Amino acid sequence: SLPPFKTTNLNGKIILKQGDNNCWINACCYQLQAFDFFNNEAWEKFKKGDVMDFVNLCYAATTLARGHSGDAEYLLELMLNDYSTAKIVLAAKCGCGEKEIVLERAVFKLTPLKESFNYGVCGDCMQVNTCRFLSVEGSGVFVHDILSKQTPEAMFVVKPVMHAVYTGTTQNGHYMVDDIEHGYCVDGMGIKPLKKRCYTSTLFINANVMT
């Protein structure tokens, strides 16, 4: 066994010292700490600084060993697969007409911008559905293709509370978290200014959007 990851408790969030390529864990765990509905025996200890049970649980779920890089968005999908804490309604246009798609979930694999986008194909006309957001309610997190340029606040369909941030190669990169609600970027146990770009997720709390 190696020794436990060291921690810091910063403005209500436990954060993990950078070591052994653990940043994907840190990024995911920092987001889970935003959801008061998320819980279990190993998480109750993590919230207090006693982090190795849950951290070990993250390696088990992903089949990865301590020391290997991973994917913070994949890990959020795993841990949140049995939660359903938000509702998103889309309008979907194809050659048959227009219809609504209802998604109830905690993690959504969608881009969180208020523009038009494709999602699925209609099995009666075989065209791709051209889609747009009609509403978002509750709490949850979008996991998404990297937004690598700044995004005007008015473009997000929801008000972001925080974003996983990923810089570098898909091979050789590094995770951090833009904590928008606090005003800084968390990078290991340290603090940096918001990167404002490079975002791989978008977390929202108590959404109540009509568009």
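Throughout, we count residues from 1 along the sequence that is shown.
- The mean C-alpha temperature factor is higher for 147-155 when 147-155 and 53-61 are set side by side.
- Relative to one another, 22-30 and 170-178 have unequal mean CA B-factors, and 170-178 is the one with the higher figure.
- The maximum CA B-factor among the listed residues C198, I15, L194, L203, taken from the PDB record, is found at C198.
- Sorting the modelled residues of the chain by their CA temperature factor places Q127 in the lowest third.
- In the deposited entry, the Cα temperature factor of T111 sits in the middle third of values across the chain's modelled residues.
- The entry lists a Cα temperature factor for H68 that places it in the highest third of the chain's modelled residues.
- The entry lists a Cα temperature factor for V121 that places it in the middle third of the chain's modelled residues.
- Placement of the Cα temperature factor of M79 within the chain: lowest third of the modelled residues, per the deposited record.
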